[PDB]
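Visitor: Once you know that position 89 of the sequence shown is 89 in PDB author numbering, the rest is easy, because the numbers rise by one and skip nothing.
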Amino acid sequence: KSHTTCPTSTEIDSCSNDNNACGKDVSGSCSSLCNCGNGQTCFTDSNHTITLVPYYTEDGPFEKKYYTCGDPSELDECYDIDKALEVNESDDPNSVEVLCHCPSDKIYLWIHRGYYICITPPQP
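1) When you compare only the Cα positions, how much space is there between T4 and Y108?
2) With a threshold of 8 angstroms (Cβ to nearest heavy atom), would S29 be considered close to the ligand MG?
3) How about the region 87 to 102 and the region 36 to 48: do they share at least three Cβ pairs that are nearer than 8 angstroms?
4) What does the Cβ neighbour count give for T68, buried or exposed, with the cut at 16 atoms within 10 Å?
5) Threshold first: 4 residues or longer. Then list the alpha helix (DSSP H) segments lying entirely within the region 11 to 95, N to C.
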């Protein structure tokens, strides 16, 4: 009653891999980008939310939240400078695949290579 899961969209299908990320904060409403598993909500993956920084601003780092499925807690940790996250686009990735585990003390930073790396967020 106080809280409820978000509904699933019928315009999305299950992802091939369960380690894909889904959902994003756009209007404050929970958007659905891909169904996880047989059709699980991305709301329950709130506890597995990750921080992705697509770009920096004058005010500071822009942290964008993304929800991931598969619970990559048992996944290996990536190095600070190495392939860690593969996304379709750096601006609005509707497809994000978890390749490795990133700690909550690190963010995904887009680099000139064209992919995101797992690194501790520096204070500008």
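Each residue gets a CB set at the ideal place from its N, CA and C atoms; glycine is no exception.
Guide: Reading from the atomic positions:
1) Counting from 1 along the sequence shown, the entry for residue 4 is found at position 4. Counting from 1 along the sequence shown, the entry for residue 108 is found at position 108. Approximately 29 angstroms, taken between the alpha carbons.
2) Of the ligands one can find in the structure shown there are none, so the ligand MG has no counterpart to examine.
3) no
4) Position 68 of the sequence shown, counted from the first residue, corresponds to residue 68. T68 is buried by the Cβ-count criterion.
5) none
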